[PDB]
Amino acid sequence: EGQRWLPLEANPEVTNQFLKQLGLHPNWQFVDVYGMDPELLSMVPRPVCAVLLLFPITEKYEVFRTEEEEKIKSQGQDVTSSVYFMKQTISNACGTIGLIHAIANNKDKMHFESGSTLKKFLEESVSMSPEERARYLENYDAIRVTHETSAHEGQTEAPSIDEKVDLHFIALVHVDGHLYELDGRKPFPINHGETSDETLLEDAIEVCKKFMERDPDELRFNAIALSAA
């Protein structure tokens, strides 16, 4: 529908408030990830059911994304039917899409308020295709409004809606024994190998490391973990 939204801040306070407003109870809460070594990862509460990674969508990154897409289309990969994937068709909605991917793929572990708007979105879109889900989001006012409100929160001031954004959010989740990167800009989830309920954080961080070493001149990365509380 051509709409443009504002980019969300990679901040647990912002994301946790967004989830609260969408009707999710707080026994799952995002937390910051301070580093990638065992000592810093040990500070992250367990279990962890999703990791949202903010990274730079630079020219170097796009070259890799293009290669990755062709490789997967030409060589194939496995993607279980259980995975909930939705496309991105709204500019700057990546934060909302990342949050939807994180909750949708862990829905049975969540505690929702009776009239939770996120629960409603997920129940109504459960059997829709990734494309239909994107169209549905384009018409789902409740999430559009909450995203807008959340976009104004944070340590930083929200930018103009027309300003260039070169940072993106993706979700890393564990579904049926594999680690999936869910990026609405891509044509499909990306299977990154095996993982488990207990090692999701560590395995997701190894993928984050890959993103970083591909763009050695960039420091603009942020990872938040959806942890039990």
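All residue numbers are counted from 1 along the displayed sequence.
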Once you work out the mean C-alpha B-factor for both 38-46 and 62-70 from the entry, which is higher?
38-46
Which has higher Cα B-factors on average according to the PDB entry: 139-147 or 95-103?
139-147
Looking at 79, 122, 110, 158, which has the highest Cα B-factor in the entry?
158
Deposited CA B-factor, highest of 24, 205, 212, 10:
212
Is residue 32 in the lowest, middle or highest third of its chain when residues are ranked by C-alpha B-factor?
lowest
Taking the entry's C-alpha B-factors for this chain, is residue 167 in the lowest, middle or highest third?
lowest
Among all modelled residues of this chain, ranked by Cα B factor, put residue 189 in the bottom, middle or top third, i.e. lowest, middle or highest.
lowest
Where does residue 197 sit by CA temperature factor within its chain: lowest, middle or highest third?
middle
For residue 134, does the deposited CA B-factor place it in the lowest, middle or highest third of the chain?
middle
